[PDB]
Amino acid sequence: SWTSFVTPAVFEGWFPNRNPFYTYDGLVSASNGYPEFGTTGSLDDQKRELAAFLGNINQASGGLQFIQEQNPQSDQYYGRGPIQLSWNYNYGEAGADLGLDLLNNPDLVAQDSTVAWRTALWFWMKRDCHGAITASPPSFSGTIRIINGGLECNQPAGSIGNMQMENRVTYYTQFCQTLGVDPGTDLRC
């Protein structure tokens, strides 16, 4: 039901420079595996959840231009997909929960855009961005703590990480403005 308010036109307006790898239809298809996403709480809670998910993705993926880390210098579990899913344990855990061979074929996240979207929704639900943003009271700042707390929260003003945190708040509050919903007071971390 969230596609009532994040329509194809809204999505395209939010992501005008997206790589064509990423499609609205893939996000819709990925979201059907998590029916609680975008359907939890009041209509305004649902709007905030979509704005928070996609606002965080806008920062993590550079406006849906990021598919995979360009010059990785670690192992095979370098960042892929719109939340830059990284590290062996995340690929193993996500692969098990999604029923995907991400441990042995992590390239799937960069090859298949529905898989890519599913890894972003998996993180959002399993690591509980979903619970933070749909709680009464809601916490956008709690979604930032969960995604990338260790680099962006609790950082001084003017620092690199604090700037990234502020970008998340900017995108979230812009997306809430499109939807006509109050973003809530608990924005920054």
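One-based numbering along the sequence shown.
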property	result
Mean C-alpha temperature factor, higher of 86 to 94 and 73 to 81	73 to 81
44 to 52 or 64 to 72, whichever carries the higher mean Cα B-factor	64 to 72
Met163, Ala120, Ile133, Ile146, ranked by C-alpha B-factor: the highest one	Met163
Assigned third (lowest, middle, highest) for the C-alpha B factor of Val181	middle
Chain third (lowest, middle, highest) by recorded CA B-factor, residue given as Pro35	middle
Chain thirds of CA B-factor: placement of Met125	lowest
Ranked against its chain, the third holding the CA B-factor of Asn154	highest
Third of chain Cα B-factors occupied by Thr173	lowest
